[PDB]
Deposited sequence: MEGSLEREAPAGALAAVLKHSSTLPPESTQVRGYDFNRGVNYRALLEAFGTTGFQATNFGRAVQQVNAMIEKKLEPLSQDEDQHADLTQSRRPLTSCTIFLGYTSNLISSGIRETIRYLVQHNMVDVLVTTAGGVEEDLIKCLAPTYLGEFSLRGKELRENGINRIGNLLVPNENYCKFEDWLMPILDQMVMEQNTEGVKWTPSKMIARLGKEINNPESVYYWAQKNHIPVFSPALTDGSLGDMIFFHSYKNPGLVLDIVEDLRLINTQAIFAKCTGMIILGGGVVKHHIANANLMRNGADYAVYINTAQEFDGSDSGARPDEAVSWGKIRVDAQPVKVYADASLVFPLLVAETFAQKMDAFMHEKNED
């Protein structure tokens, strides 16, 4: 056999350091121990290992936090489609129990939480044809369906609030911004199933720099005809979110998806020279040079994540991953959170 071929293929290797962990998956001969099955993800490899790390990182944020400021300010960011899905429930649970500090989402992420209190969203199919659905006034969101009557109901609900918002702006001197508006709609919806109802109630601010890119925008638009003058300033909200990072004792970032939401949170944390913890769950890829698809390491070069931080990115659909992450982290510390509130 060719010598060089043998040498190339049969190259010797010294052993790895003792610290090395072996790949090993959950053994179902033990039966189904869900906690152990989930912990086994850590040694399963690929994205399973990253999920395992995300659980450790989020648990570290929480532990730091349990040591109005807290020991660690957690920013929770998500894209609109996640509020359309059932992840809306998971997010509402975290906010209801004051487990995160700052929320930032896109317009869809705001409006659809309120609308779900008015009418439901349904399961559909990715394959459903647009023409046929439009003839029925049904809007398609992935494999989910939002009947357009939902937005008609949203309009009926919202208009009276916009009348009052412009009145208050003009007679009471109110300076409206996306966060102030979102807090208002949250108080107005007055429904325990609402993310913003709870955020408003727990004084957790919600940032959304492009609040006008959606249904709420359409309503603001039409309403501006009979009642012109409403102003939504994005500058004041910039100061608010940035100062939360700046004066935080320590920060963690839990970001689902990419775009403005992801970038906006990481830019705020650059103001303090980087977040101390960062966990991402998104399906974007880096090859196109997009910010949305950038590995957490690129954020390190910008100084948005501390050079000594251990950021984790899980490549996967959050609808699948987020509830499992919450089950193994926040949900496992309910007593600790309550204890901090004097309820345990």
I have the full deposited sequence and the modelled structure. Can you tell me which residue ranges, counted from 1, have no C-alpha coordinates? 1-8, 76-92
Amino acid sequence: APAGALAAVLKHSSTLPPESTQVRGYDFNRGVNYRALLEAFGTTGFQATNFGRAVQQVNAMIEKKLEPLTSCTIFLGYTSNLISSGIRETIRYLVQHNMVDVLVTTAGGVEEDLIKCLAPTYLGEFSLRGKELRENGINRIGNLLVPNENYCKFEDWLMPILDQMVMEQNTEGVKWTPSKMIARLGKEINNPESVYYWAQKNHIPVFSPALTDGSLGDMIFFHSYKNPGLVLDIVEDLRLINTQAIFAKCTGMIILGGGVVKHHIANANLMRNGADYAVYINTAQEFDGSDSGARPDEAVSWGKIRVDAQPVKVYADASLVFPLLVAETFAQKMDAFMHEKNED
From here on, numbers count along this sequence of modelled residues.
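Superpose the two forms; the largest set of C-alphas matching within 1.5 Å is the rigid core.
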Which of 166-174 and 253-261 strays further in 6 other deposited structures of this protein - Cα RMS after rigid core alignment: 253-261
Does at least a third of the other compared PDB entries (those resolving both flanking residues) leave residue 302 without coordinates? yes
For at least a third of the other PDB entries compared, is residue 129 missing from the model even though its neighbours are present? yes
On mean Cα temperature factor in this entry, is 120-128 or 104-112 the higher one? 120-128
Segment of higher mean CA temperature factor, 263-271 or 168-176: 168-176
In this PDB entry, which of 54, 36, 69, 316 has the top CA B-factor? 69
From 204, 162, 250, 234, pick the one with the largest CA B-factor in the entry? 250
Taking the values exactly as deposited, rank residue 228 by C-alpha B-factor within its chain and report the matching third: lowest, middle or highest. highest
Hey, what third does residue 22 fall into on Cα B-factor, ranked over its chain? middle
Taking the values exactly as deposited, rank residue 311 by C-alpha B-factor within its chain and report the matching third: lowest, middle or highest. highest
Determine, from the deposited record, the chain-internal third of the Cα B-factor for residue 10: lowest, middle or highest. highest
Could you place residue 292 in the lowest, middle or highest third of its chain by Cα temperature factor, using the values in the record? highest
